[PDB]
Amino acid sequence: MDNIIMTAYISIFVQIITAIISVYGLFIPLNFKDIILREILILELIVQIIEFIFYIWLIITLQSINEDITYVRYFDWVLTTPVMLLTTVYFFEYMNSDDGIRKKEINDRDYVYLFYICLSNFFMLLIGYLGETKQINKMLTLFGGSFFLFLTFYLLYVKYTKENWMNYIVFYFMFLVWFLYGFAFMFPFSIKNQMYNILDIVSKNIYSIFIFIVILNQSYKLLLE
């Protein structure tokens, strides 16, 4: 009980600092080419709001823990993970387009493909939810969920990446961290829930700060006056 709550606190600590940083990042002036980074940072702040509501609920609920509340995290993830995948797409497009691109052009051109990515991701979460609530066995959950995880990342890779080390860092860091949620699924309640508490820091709040640093680095001259 204790170590779950201590990790929830650590996660909440990073979330609050990250939220403050992201808010200031909204007000950094941007050059034409970098406009989409503020768009990304709005959608990472939306993810934070959903994140936080879950954590507050969690630390209140963990006072009188009578049952296994791991499955409640899916009501978070079913909302946050598609948003996270879209921002990843927008960040890859930013990194990889020679001309300035904005999320509207992306969304109007790619909405069908984006729906396939989010459908694959929804199936991953659905299979996890069925396993996490014991409606299918753990082995079927890990194989079915991993299949869809791989499909989601494959679709992302073949459409939006380029073959270079900046892409590999962003893609494979994300891929590994997401896979580690599947790894956590294998563990008993307390250890599982602790891992998810620390994984959220990496999957959400390190991303936001990264985007913040990219914005600051791109705009520092424009900012300074």
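All residue numbers refer to positions in the sequence shown, first residue = 1. Throughout, rigid core stands for the largest set of C-alpha atoms superposing within 1.5 Å between the two forms.
Between 213-221 and 12-20, which one shows the bigger average Cα displacement from this form in 4 other deposited structures of this protein once the rigid core is aligned?
Between the two stretches, 213-221 moves farther in 4 other deposited structures of this protein.
If you average the CA temperature factors as listed in the entry, which stretch comes out higher, 64-72 or 27-35?
On average, C-alpha B-factors are higher across 64-72.
Using only the Cα atoms and their B-factors as the entry lists them, report which of 55-63 and 190-198 averages higher.
On average, C-alpha B-factors are higher across 55-63.
Hey, out of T80, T87, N121, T133, whose CA B-factor is highest in the deposited coordinates?
Of the options given, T133 has the highest CA B-factor in the PDB entry.
Considering only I49, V177, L156, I169, which residue's Cα atom bears the greatest B-factor as recorded?
Of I49, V177, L156, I169, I49 has the highest C-alpha B-factor.
Among the chain's modelled residues, which third holds the C-alpha B-factor of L126?
Answer is middle: the recorded C-alpha B-factor places it there.
State the tercile, meaning the lowest, middle or highest third, of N107 with respect to the CA B-factors recorded for its chain.
It belongs to the middle third of the chain when residues are ordered by C-alpha B-factor.
In terms of the chain's CA B-factor thirds, is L142 lowest, middle or highest?
For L142, the deposited C-alpha B-factor lands in the highest third.
If you rank the chain by CA B-factor, which third does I206 end up in: lowest, middle or highest?
It falls in the bottom third of the chain.
Sorting by Cα B-factor within the chain, modelled residues only, which third would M1 end up in: lowest, middle or highest?
Highest third of the chain for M1's C-alpha B-factor.
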